[PDB]
């Protein structure tokens, strides 16, 4: 529970202008029905931790796409500012060409609905949200401004939520593909407990 965002309930609906392959396009949550979505907010264009997180997610976008998961970034900056930043070379602090949409949240509606607006600055905190194929919010990750998130951890979480959805077993702490899972009932769970201890 962050703003209108609640784990286990339909993620707050959104619609925004975004920069997609160097052009402007409308992006909305209902477009991703049947797909997982990683939605990540960041405070500001033309800053420091920011480009490193956007570039990391862009570099791994294909890994998420192989899981039927779309990655979307969003800040309060306009789509014109985003495009300027994509048109700035990475060596100069820019983003260069990107493989993920960058959404504009100029009214702050998306940030307010997801509960990540840092009100004394008017910018979003590093809030990352994982939404399943039914549009349900499954995970919330929010960091204060000085520390970047982990793309590997986001990937692990998407893999774990898909695993539990598809198999009806739960994922222990630190689960990664290949790791044992637990059948969530008193008697069937003893198979895990007896083997891991």
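Positions refer to the first chain, counted from 1.
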| property | result |
| --- | --- |
| Gap at residue 50 across at least one third of the other PDB entries | no |
| Other entries modelling both neighbours but not residue 148, at least a third | yes |
| Higher-B stretch (mean Cα B-factor, as the entry records it), 89 to 97 or 76 to 84 | 89 to 97 |
| Chain thirds of CA B-factor: placement of residue 62 | highest |
| Ranked C-alpha temperature factor of residue 118 among modelled chain residues, by third | highest |
| CA B-factor ranking of residue 68, expressed as a third of its chain | middle |
| Within-chain third of residue 43 by Cα B-factor, per the entry | lowest |
| B-factor third for the C-alpha atom of residue 132 within its chain | lowest |
